[PDB]
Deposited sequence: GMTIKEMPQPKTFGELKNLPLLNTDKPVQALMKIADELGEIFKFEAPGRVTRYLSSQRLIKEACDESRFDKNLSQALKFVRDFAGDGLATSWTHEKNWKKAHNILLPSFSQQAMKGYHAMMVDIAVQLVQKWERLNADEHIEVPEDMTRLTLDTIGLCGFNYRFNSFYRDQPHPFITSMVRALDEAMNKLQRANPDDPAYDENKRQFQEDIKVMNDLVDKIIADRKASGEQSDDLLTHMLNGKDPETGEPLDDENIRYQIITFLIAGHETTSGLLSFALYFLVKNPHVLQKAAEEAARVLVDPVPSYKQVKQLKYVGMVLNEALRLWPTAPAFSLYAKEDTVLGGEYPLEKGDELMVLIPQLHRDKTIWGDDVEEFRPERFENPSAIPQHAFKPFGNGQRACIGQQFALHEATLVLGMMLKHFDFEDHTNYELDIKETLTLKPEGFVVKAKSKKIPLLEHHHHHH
């Protein structure tokens, strides 16, 4: 009945607990201390952080809870607009864009993106093939180069050419700085405001120019030529721009974090790495992986799912109660009460996964049938789940599969896991050496 609550800060209540550079991990330690649910209060804000599958399976009842825009999503909405990720379910543009964009994100649609994914993946492999001896790989940086370029290429046929850059493309600097200012608003400036508005324009300018500039096998074509079957309407240019920005943000950093965490866990678990490398070598028999071959990388996907279990890179999503309801038979929620799903804690629910929740064992996912309902939510829930899941998983499987095929990896620094937190999670400073296996492309 009585809901736990972490330490308060007088008038600021719990909000200064988010005044930290690792708020998800701070929220996880609070959840470790307080359990499956704890009230988090701030001035003018009350939310509840769910950490058990028991409560989250109820939160994932779409008849009772709908996606809420967390404060982070509302700040991302300042430039992602009514794009898919930052729109309310009841906004016309969500379901409209959902229906228009769902076919271009199916498992059937990955066949058309695969060649462009391979394009960037080959650039990643070639970059590492071209490293000198004792030179190392900055993993999250290269993973971000790879995923951002992949979504740029697969999304609207735009080459950010991140592997040709030290400082990212001006759009990327603005997007990250806009995302940074959005996150700093959580923890919370006239200069930051002007910069944010400048970064919004930089982002808008490039996308709207690309929408104006633009048939290819990319999301942009589907958004210009796609009609929502329901309303019969195509997305207007403004929403198309919000979707591209949405896809640029949503589709690069969570996927790079997953790859970066996957490789981190691979180099920390040589048995898993060997097992995944053996599959990559066995399955990727061609110089260029095919779509079908990426599907055969079962264990690689198992590695990716276990990396998503330990560190879901989009580490939370928000829900609101559509009507007065009771959560778990002891937490009454009024209409509009907000819930936060602490995904990394959910994925450490010992009552679901056993006591070895902190162990990286992809064998947990050997049979996806053994996973209870709503125990594993790295891609959100229901109709508001990640539309790019298949895209992210296909890209990450392909790229990790190519990485494992072409290189032996060394944790040469014995890297101490340091999870930098933006709105996503990444192992900061994670560096490896890759000894090429000298397998041509």
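**Q** Where are the gaps relative to the deposited sequence?
**A** Missing CA coords at 1-4, 193-199, 226-230, 458-465.
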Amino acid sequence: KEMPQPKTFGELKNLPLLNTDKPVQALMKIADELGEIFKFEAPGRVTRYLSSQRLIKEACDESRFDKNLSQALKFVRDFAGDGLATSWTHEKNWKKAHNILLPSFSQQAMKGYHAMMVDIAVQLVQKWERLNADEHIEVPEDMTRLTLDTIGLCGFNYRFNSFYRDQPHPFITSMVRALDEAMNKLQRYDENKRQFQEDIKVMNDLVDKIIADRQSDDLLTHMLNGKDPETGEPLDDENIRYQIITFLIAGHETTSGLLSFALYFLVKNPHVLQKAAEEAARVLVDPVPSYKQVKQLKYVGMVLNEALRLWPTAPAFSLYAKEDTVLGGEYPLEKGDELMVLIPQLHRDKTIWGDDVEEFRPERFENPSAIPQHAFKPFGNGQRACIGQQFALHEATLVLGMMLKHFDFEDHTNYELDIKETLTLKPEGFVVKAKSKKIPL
From here on, numbers count along this sequence of modelled residues.
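**Q** Per the PDB record, is the mean Cα temperature factor higher over 43-51 or over 368-376?
**A** Taking the mean B-factor of the alpha carbons in each, 368-376 is higher.
**Q** Which is higher in the entry, the mean Cα B factor of 359-367 or that of 204-212?
**A** The deposited B-factors put 204-212 ahead on the C-alpha mean.
**Q** Per the PDB entry, which option out of 18, 432, 417, 423 has the greatest Cα B factor?
**A** Across 18, 432, 417, 423, the entry lists the biggest C-alpha B-factor for 18.
**Q** From 270, 332, 344, 140, which pick has the Cα B-factor that tops the rest in the entry?
**A** Most elevated C-alpha B-factor of the set, per the entry: 332.
**Q** Split the chain's modelled residues into thirds by Cα B-factor; is residue 118 in the lowest, middle or highest one?
**A** For residue 118, the deposited C-alpha B-factor lands in the lowest third.
**Q** Relative to the other modelled residues of the same chain, rank the CA B-factor of residue 336 and answer lowest, middle or highest third.
**A** As the PDB entry reports it, the C-alpha B-factor of residue 336 lands in the middle third of its chain.
**Q** With respect to C-alpha B-factor, does residue 266 fall in the lowest, middle or highest third of the chain as deposited?
**A** Residue 266: CA B-factor falls in the lowest third of its chain.
**Q** Can you work out whether the C-alpha temperature factor of residue 111 puts it in the lowest, middle or highest third of the chain?
**A** According to the entry, residue 111 has a C-alpha B-factor in the chain's middle third.
**Q** Residue 395's Cα B-factor: lowest, middle or highest third of the chain?
**A** CA B-factor rank for residue 395: lowest third.
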